[PDB]
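Just the one chain here, the form deposited in one PDB entry, laid out as structure tokens.
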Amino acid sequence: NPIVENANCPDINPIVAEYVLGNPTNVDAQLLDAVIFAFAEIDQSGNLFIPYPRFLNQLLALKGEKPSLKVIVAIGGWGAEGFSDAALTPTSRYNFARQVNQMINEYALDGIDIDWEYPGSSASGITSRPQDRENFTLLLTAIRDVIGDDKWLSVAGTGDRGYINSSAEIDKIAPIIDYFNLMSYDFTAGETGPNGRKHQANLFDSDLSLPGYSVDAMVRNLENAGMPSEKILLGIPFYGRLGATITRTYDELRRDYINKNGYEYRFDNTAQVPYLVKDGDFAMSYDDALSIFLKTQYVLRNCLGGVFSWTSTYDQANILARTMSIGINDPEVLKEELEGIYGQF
């Protein structure tokens, strides 16, 4: 299975990056080719500022022990006003670019990321204009003209149809930027009720994703609209979402959602049985629904007389009993059940 450097990408050295929103203390430079400080903002006058500069200086200091680390500033983010005005004229565009190059020289940044969410749309509550889409290309042109070719320029966007037709000229911005930071998450950020309880970052389509929205379709949409594959960065959320309403950090799922009293679920795929670890060590051996499906398979493939448990009294809700009975009597039904529980490669 595992692909190590595809034999048609001898050139293409794919990079790892994180957006760093807030205190950067727990960033590990050793894992990352690049860090993207979030965020710089635009004030009433169209002037760039950093709300929390100490975080950016702290993050810049990681170049002490890893001088090859790339430090980028992202301007904007959801609800961040100013871009439609900045993009509108040759003057606003020259002024914005000049301030980008000033912030790059001032902080010795490796370059800049633009997070307009989104040109042509007032979904986030910001100003939009029909001309935003063509204007975006001229803004990026104005930034690239000033900062030069030797600095990172990137754009955060989606791969959905609306974005390709109404927000950006993918084929025009492609040769200007170094990367398109595909925000392949938050698929359910605008949904409540039934359509809220779907996947936010499904890699492919299924029953539990929004019709249309999938990572793969966003990568293909961007590729066919003229974005080279090598310039696409695939975005992964380190949070959980359930519709527009609720989000949780991985840290908050790690504490209130997944691992019971620190006991971690493990599987021996040789042995074909589940087990538990806690504090490095092997901690429990039992049978669950999968190892009972596999044992009941063995019964049927090997012409055995049947199966039995020790003992009903240990399984008062008849959860294992059901699995064991279905395993023998209707193994198709139990396989369907476990297709919706056990992660396959």
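Each residue number is its position in the shown sequence, starting from 1. Whichever C-alpha set is largest while still superposing within 1.5 Å between the two forms counts as the rigid core. Shifts are known only where both forms have a C-alpha.
Q: Out of 277 to 285 and 40 to 48, which stretch has the higher average CA B-factor listed in the record?
A: Taking the mean C-alpha B-factor of 277 to 285 and of 40 to 48, the larger value falls to 277 to 285.
Q: Between 186 to 194 and 170 to 178, which has the higher average C-alpha B-factor in the PDB entry?
A: That would be 186 to 194.
Q: Could you say which of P130, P237, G157, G79 has its CA atom at the highest B factor, as listed in the PDB entry?
A: Reading the PDB entry, the winner on C-alpha B-factor is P130.
Q: Out of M324, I12, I15, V20, which one has a C-alpha B factor higher than all the others in the entry?
A: So the option with the highest C-alpha B-factor is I12.
Q: Looking at the temperature factor on the CA atom of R266, which third of the chain's modelled residues does it land in?
A: Top third by C-alpha B-factor.
Q: Using the B-factor values recorded in the entry, state whether the Cα atom of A87 falls in the lowest, middle or highest third among the modelled residues of its chain.
A: Middle third.
Q: Among the modelled residues of this chain, does the Cα B factor of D115 put it in the lowest, middle or highest third?
A: It belongs to the lowest third of the chain when residues are ordered by C-alpha B-factor.
Q: Would you check the entry's CA temperature factor for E230 and let me know if it's in the chain's lowest, middle or highest third?
A: Its C-alpha B-factor, which the entry lists for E230, ranks in the lowest third among residues of this chain.
Q: Lowest, middle or highest third of the chain for the C-alpha temperature factor of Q30?
A: Ranked within chain, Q30 CA B lands in the highest tercile.
Note that the form deposited in another entry isn't included here; everything after this is about it.
Q: Given a rigid core superposition of the two forms, which one of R197, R255, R266, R129 has its CA shift by 2 angstroms or more between the shown form and the other one?
A: So the residue whose C-alpha moves 2 Å or more is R266.
Q: Does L276 move appreciably between the shown form and the other one, meaning a CA displacement of 2 Å or more on the superposed rigid core?
A: Yes; that C-alpha moves by at least 2 Å between the shown form and the other one.
Q: Compare the position of the CA of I326 between the shown form and the other one after a rigid core fit and state whether the shift reaches 2 Å.
A: Shift of 2 Å or more: yes.
Q: Is there a C-alpha shift of 2 Å or more at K295 between the shown form and the other one once the rigid core is superposed?
A: For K295, whose C-alpha is compared between the shown form and the other one after core superposition, the shift is 2 Å or more.
Q: Compare the CA separation of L294 and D207 in that other deposited form with the one in the displayed structure, and answer closer or farther (the difference is at least 3 Å).
A: Residues converge in that other deposited form, at least 3 Å closer.
Q: Versus the form shown, are the CA atoms of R241 and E339 closer or farther apart in that other deposited form, given a shift of 3 angstroms or more?
A: Between the C-alphas of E339 and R241, the gap widens in that other deposited form (3 Å or more compared with this form).
Q: Residues present in both forms only, core superposed, 2 Å C-alpha shift required: which runs of three or more differ between the shown form and the other one?
A: This is the sole shifted run between the shown form and the other one: 259 to 345.
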